[PDB]
Amino acid sequence: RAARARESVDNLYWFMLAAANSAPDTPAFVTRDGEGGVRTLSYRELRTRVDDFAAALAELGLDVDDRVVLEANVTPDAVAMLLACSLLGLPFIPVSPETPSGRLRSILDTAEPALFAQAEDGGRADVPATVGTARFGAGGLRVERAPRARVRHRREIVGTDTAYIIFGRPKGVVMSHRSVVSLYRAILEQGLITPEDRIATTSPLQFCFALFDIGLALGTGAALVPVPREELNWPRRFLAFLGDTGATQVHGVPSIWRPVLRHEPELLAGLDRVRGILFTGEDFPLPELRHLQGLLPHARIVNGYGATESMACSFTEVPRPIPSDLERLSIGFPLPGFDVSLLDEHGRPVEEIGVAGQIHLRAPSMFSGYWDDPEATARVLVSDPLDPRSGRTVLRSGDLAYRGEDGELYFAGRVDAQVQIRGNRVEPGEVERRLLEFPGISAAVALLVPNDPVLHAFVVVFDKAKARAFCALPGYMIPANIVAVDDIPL
Amino acid sequence: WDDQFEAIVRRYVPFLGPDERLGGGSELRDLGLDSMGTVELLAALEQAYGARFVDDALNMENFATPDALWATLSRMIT
Ligand SMILES: Nc1ncnc2c1ncn2[C@@H]1O[C@H](COP(=O)(O)OP(=O)(O)O)[C@@H](O)[C@H]1O
Ligand SMILES: *CC(=O)NCCNC(=O)CCNC(=O)[C@H](O)C(C)(C)COP(*)(=O)O
């Protein structure tokens, strides 16, 4: 009786498990056991796990469009769960075990999911009684609180159905199966990944980069090598994990490299199997990049540029070598099927080489909108200023860029105060608003201070540890320091 | 723990007041020790002591508190 996506309909299940039919006994996952032994899970075994979890989820009587919060690390079980949800047209919302309780309750209060699922050994408690709770693992899917009874109204799952919603106020980027599959078919055309690659992925599951990596590995028929935080956060463990698993590609925000470059460059140079690196989210400092390139001469390095609302836009391979005089890396050219307009403040195309305009993107991987926020959606997904009468829309990105002499793009900052911390969007005004509401604080300023830059709060007023907790806002948005000051200097 | 250790740890916990005792059981994450910070603290300790943390000693439990980290350092020297 549960609706299931048909094989011809754009859907993460069919797209990411195609290799289960065409190459069943190739690896989909490489993990290392408690004894430092490397294990592989095939496409065949992963599909089997997805189908078992789907049979169990379908018993809960959820309707297509019903939301499922998945709290987990990037694990085979977690990816089976999100693909099981995909098959049944249950949009999933990824959250990490390390997500603050305050932040998880804000997502539950905003999304109103029918179900929260965590791993057998997850420690999340006190999920409100209006949300179903289940645990998944070796034992299958076990219900604690079944979701409330309902009538199923949706007969058939379609490509425009929501695959996932990525989350001061939690902003839900609503992404269709059609959009996500379109992004991957564009990338597949570039031959950037082969089924022979083993892609090390570093971002926790709640970040859009984790979903990108998952879909990139599985949709290509490649092996995903999730790097747990217990390896990632310790350069010598990180590097031994990449060696043991035989990672051929390593994906992560530039920050993942900074501790390794500073403290274990010799061991880094030993990663003879790494054939490529991909970074996105923020600028990679050029000295650090030149250092990395010098240590791993046999690695292609790709600069990916994109926002959550299209997932991706453009890339370049970094020039080999990086010229000494080079002031700024190119973000290269849009993927095939994507198109960028650079518009001035009047919506007019910027035609002159080297003059910045606001990126307006035409993409087959566009988000459907912001969860329950049609006003935010109308501000960002706008009438095509070059074709307003067709009804067609573009992503107004807030990013500035200019073109070079070959038409390649160059990121030129933003139209607003937005900064990146480890590739995470941050509106300093938001951290400021929050500290201004801490009892004692009359004025506040948050800025990136320069190793990687740190978020510093300067406040006019006091327990800096207590003001920290009151912030602890998402994780990456919590000041590395809160310094009381007599006046904010202009 | 010796005066060198307190001074190094204090460097990586900006929410600890100059005037405030470094409590042996203080959750260093709650005093501002983050992912990058933790690796900088490791490197500072290895550098100042000539100590080597074996792979098994590089974990969040050993770096959670000054008392846990002092014992781990002490075990590495031994
Ligand atoms: N390669 C890049 N170089 C510089 N800035 C980038 C790059 N990729 C993304 N950004 C910045 O990050 C923003 C998007 O952040 P977010 O929505 O978290 O997604 P992601 O960081 O994965 O692209 C962009 O609007 C831009 O400001
Ligand atoms: C949409 C999207 O995914 N954009 C990129 C967002 N950023 C990332 O994927 C960065 C992933 N974050 C991290 O790796 C963490 O910020 C650390 C670096 C795991 C946090 O370390 P410690 O700081 O707890």
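Reckoned from all heavy atoms, side chains included, excluding hydrogens, waters and symmetry mates. Note on naming: letters A, B, ... go to the chains in the order of the sequence lines (proteins, then strands), and numbering restarts at 1 for each one.
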Show the pairs of one donor and one acceptor atom, one from chain B and one from chain A, lying under 3.5 Å apart.
from: B:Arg29; atom 1: O; to: A:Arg468; atom 2: NH2; distance (Å): 3.1
from: B:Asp30; atom 1: O; to: A:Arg468; atom 2: NE; distance (Å): 3.2
from: B:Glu40; atom 1: OE1; to: A:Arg262; atom 2: NH2; distance (Å): 2.7
from: B:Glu40; atom 1: OE1; to: A:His263; atom 2: NE2; distance (Å): 3.4
from: B:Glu40; atom 1: OE2; to: A:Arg262; atom 2: NE; distance (Å): 3.0
from: B:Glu40; atom 1: OE2; to: A:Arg262; atom 2: NH2; distance (Å): 3.4
from: B:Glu40; atom 1: OE2; to: A:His263; atom 2: NE2; distance (Å): 2.6
from: B:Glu46; atom 1: OE1; to: A:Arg236; atom 2: NH1; distance (Å): 3.1
from: B:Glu46; atom 1: OE2; to: A:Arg236; atom 2: NH2; distance (Å): 2.8
from: B:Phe53; atom 1: O; to: A:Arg236; atom 2: NH2; distance (Å): 2.9
from: B:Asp55; atom 1: O; to: A:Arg237; atom 2: NH1; distance (Å): 3.0

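- Under the ring-ring contact (aromatic ring centres under 6.0 Å, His included) criterion, A:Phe438 pairs with A:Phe470, sequence neighbours left out.
- For chain B, the nearby part of A:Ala480 is the backbone; its heavy atoms alone come within less than 4.5 Å.
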